[PDB]
Amino acid sequence: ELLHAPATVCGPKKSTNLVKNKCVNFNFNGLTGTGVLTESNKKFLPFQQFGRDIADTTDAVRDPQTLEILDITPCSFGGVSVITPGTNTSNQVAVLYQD
Amino acid sequence: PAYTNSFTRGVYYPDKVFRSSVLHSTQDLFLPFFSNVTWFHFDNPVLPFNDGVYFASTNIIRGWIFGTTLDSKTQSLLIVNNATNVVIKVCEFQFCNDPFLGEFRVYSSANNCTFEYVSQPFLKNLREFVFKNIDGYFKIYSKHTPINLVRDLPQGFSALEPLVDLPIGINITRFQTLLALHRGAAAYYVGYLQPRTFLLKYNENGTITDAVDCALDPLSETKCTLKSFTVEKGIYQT
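Structural data, given as structure tokens:
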């Protein structure tokens, strides 16, 4: 059936140690994603499993074997732009990483 | 068989997902606002089940019985809270013509069992419950709060937290209450659930504080279609 209750019938794959403050690709009971994990001040009630954000995006989770809340934030991204004075004048450039 | 207004009671956490400082609109089986709930008094008749039930009371109550045919011919659910250990079974129990407790006697002839579950129960206060059988699951919600009146229900707001979800998948169409009989009367209310739509209000902690019924009156329909708890001057198409 799936996606109806918290997962209870898993495969035989083993676990891995938890890391913080690093853009990593995680796997929480089949929940796949990428981001950084930091400590959070959200006071989850004892019955909820994870938080949720708009556009169906997971915002916070609690982990198995530890019952500790972990935040999720995507690692940095942005555009790039090149300052130039023209090939007729010079061949030097400057680079700008936006935001 | 007296009638009493339900006011603004019977709101439960619908999805078990954390949220904060946001309004969410969901569709489920909710007890309509300002409804009429049958007030009983002493006697133990049998009542239908329909699509759910809302149960409230003001330690005389000693569990409930859910089933469809009884008389050990079809499965029947069992819930009882004795000796600080609630035990749930789905065995084939033959029921007396007038079941009362007062060891146990109602739940004799336990046989052809299929399910079993035991947990620790928890304790001028009202006890509210919502029983619902959907997609093969038996869901229960409850909350205990202090009260200061016996004539009718409080007019405040209060949300019910999920308690148990059992994978039974048994058809239920009738139920009755069970109270210990020894030889003070007890009063309880019964409501019914309907497929209505609600708009929920969340707090910083994630606790539901307000809710509006979208089919109560034109003002609430306007609030629901505007997704706000306040509306300005003008004319709006709903």
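In order, the protein sequences belong to chains C and A. So the first sequence is numbered by the entry's author numbering: it starts at 516 and just counts up by one. Heads up: the second sequence is residues 26 to 66, 79 to 95, 99 to 142, 156 to 176, 187 to 246, 261 to 315, going by the entry's author numbering. Positions of the beta carbon are idealized from the N, C-alpha and C atoms, including for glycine.
Coil, strand or helix - residue i by DSSP
i, result
"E224(A)", "strand"
"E191(A)", "strand"
"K535(C)", "coil"
"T299(A)", "helix"
"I100(A)", "coil"
"residue 149(A)", "Because chain A is numbered from 142 directly to 156, the model contains no atoms for residue 149(A)."
"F58(A)", "coil"
"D290(A)", "strand"
"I128(A)", "strand"
"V524(C)", "coil"
"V597(C)", "strand"
"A243(A)", "strand"
"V47(A)", "coil"
"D88(A)", "coil"
"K278(A)", "strand"
"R273(A)", "strand"
"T236(A)", "coil"
"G142(A)", "coil"
"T114(A)", "coil"
"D614(C)", "coil"
"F543(C)", "strand"
"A609(C)", "strand"
Same chain, Cβ closer than 8 Å to residue i, five either side skipped, listed in chain order
i, result
"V47(A)", "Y279"
"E298(A)", "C291, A292, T315"
"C590(C)", "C538, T549, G550, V551"
"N188(A)", "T95, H207, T208, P209, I210"
"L303(A)", "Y313"
"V130(A)", "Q115, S116, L117, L118, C166, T167, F168, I231, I233"
"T51(A)", "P39, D40, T274, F275, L277"
"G142(A)", "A243, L244, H245, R246"
"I598(C)", "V608, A609, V610, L611"
"residue 682(C)", "Because chain C spans 516 through 614 in this model, residue 682(C) falls outside it and cannot be assessed."
"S596(C)", "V610, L611, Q613"
Chain-order list of residues whose beta-carbon lies under 7 Å from that of residue i (same chain, five-residue window excluded)
i, result
"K537(C)", "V551"
"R567(C)", "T573, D574"
"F86(A)", "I235, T236, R237, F238"
"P26(A)", "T63"
"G103(A)", "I119, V120, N121, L241"
With 16 other Cβ atoms within 10 Å as the buried cut-off, status of residue i
i, result
"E191(A)", "buried"
"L241(A)", "buried"
"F194(A)", "buried"
"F133(A)", "buried"
"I231(A)", "buried"
"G545(C)", "exposed"
"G261(A)", "exposed"
"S305(A)", "exposed"
"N196(A)", "buried"
"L270(A)", "buried"
"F92(A)", "buried"
"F55(A)", "buried"
"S60(A)", "buried"
"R158(A)", "exposed"
"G89(A)", "buried"
"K310(A)", "exposed"
"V289(A)", "buried"
Own chain residues within Cβ distance below 6 Å of residue i, not counting five before or after
i, result
"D586(C)", "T553, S555, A575"
"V126(A)", "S172, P174"
"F135(A)", "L110"
"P521(C)", "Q564"
"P139(A)", "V159"
Proximal residues of chain B, C-beta to C-beta of residue i below 7 Å
i, result
"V126(A)", "Note that chain B does not occur in the displayed structure, where the protein chains are C and A."
Taking 8 Å as the cut-off, does the segment 34-46 of chain A touch the segment 552-570 of chain C (at least 3 CB pairs, one atom from each stretch)? yes
Between the segment 284-297 of chain A and the segment 215-227 of chain A, can you find at least three pairs of beta-carbon atoms closer than 8 Å? yes
Open item on the list: Could you check whether the segment 157-167 of chain A touches the segment 114-128 of chain A, counting it as contact only if at least three pairs of C-beta atoms, one from each stretch, sit closer than 8 Å?
Closed with: yes
- Query: Which residue spans inside the segment 547-587 of chain C form an unbroken beta strand (DSSP E) run of at least 3?
  - Reply: 565-568, 572-577
Evaluate contact between the segment 26-34 of chain A and the segment 201-220 of chain A, counting only Cβ atoms and requiring at least three cross-stretch pairs below 8 Å. yes
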